[PDB]
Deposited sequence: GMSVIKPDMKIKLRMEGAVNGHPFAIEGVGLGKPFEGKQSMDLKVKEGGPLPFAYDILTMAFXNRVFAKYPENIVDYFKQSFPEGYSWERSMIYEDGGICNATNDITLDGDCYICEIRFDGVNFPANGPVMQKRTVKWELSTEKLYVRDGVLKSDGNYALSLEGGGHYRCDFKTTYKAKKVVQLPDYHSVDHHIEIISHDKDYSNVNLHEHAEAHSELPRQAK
C-alpha cells in the first residue's frame, strides 16, 4: 500500500559545527526496494561551509535499503506513521557530532527534519582543513535493546594522500507505532558525492544500501 517503487524525498537540515550555524535543504528521488536514492542539496544559510562536507552525508533514511525476505524490515513497516532516529558520531581526534531526524510520509514524499551539531574538531584536522575524499564501504550492525532498534558501525573516511580517518557511529531508531522487531543483521552502505559546486553549495548525493543476515 504505502511504500511505492518510486518515492520522493524532501528534507531540511539545521545545525552548527564548532559554533558556526548553517542550513541545507535537499530534494531527491529513491527506489526503496532496490535500496538506491539520490538528492540535490543546496546550502541556504551559513556562508560557504568551512568544514568537510563528508561529515554530513550520512545524515542526509533506512527505508532506502534492499531487504531480503528472511530479514524483518523495521523501516518499511513503520509507515505511514514513520520513525525518527538519534545518532552520535565520534571521530578519532575528538570531534563529536550529534544528529536527529524525524521522518514522516506525505503522499509519495518522505519529509525529513534534521538537526546536526558538531563540536571540538581541531583546526588542523582533516575536517576543518577539508582533506577528506570519500567514505569507505560502511557496514552497519543492527540489534534490538529495550524494544528499540540500535546500530553501531566503525567507519572510515579516506584522506588526500592516503590513510584513513576513523569515526564510530551509534544510532537509535524509534518507529512511531508498534512494529515487528528484527534479529541481528547488517546493512552495507555505499555513499558517494557524485557532483559538487566549488565550495559545495550544490551537492548531488547518492547512496546504495543492502541488508544481509547469516
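Within the chain's deposited sequence, the coordinate-free stretches run 1 to 2, 63, 218 to 223 in sequence order.
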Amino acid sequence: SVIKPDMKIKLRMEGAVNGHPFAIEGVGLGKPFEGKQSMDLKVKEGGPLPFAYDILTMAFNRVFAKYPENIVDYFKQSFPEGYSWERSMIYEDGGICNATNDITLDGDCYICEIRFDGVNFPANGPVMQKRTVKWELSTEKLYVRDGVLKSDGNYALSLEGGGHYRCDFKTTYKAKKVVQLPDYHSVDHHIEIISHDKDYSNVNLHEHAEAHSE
From here on, numbers count along this sequence of modelled residues.
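The question of which stretch, 167 to 175 or 44 to 52, has the higher mean Cα B factor is settled in favour of 44 to 52. Looking at mean Cα B-factors across 191 to 199 and 16 to 24, the upper value is held by 191 to 199.
Residue-level inspection of the entry shows that, of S78, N120, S88, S138, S78 has the top Cα B-factor. In this PDB entry, the Cα temperature factor of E92 sits in the bottom third of its chain's modelled residues, the lowest group. Ranked within its chain, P126 lands in the middle third, by CA B factor from the PDB record. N70: CA B factor lies in the highest third for its chain, per the PDB record. Residue-level temperature factors show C109 in the highest third of its chain, judged at the C-alpha atom. Among all modelled residues in this chain, the alpha-carbon of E160 has a temperature factor (C-alpha) in the middle third.
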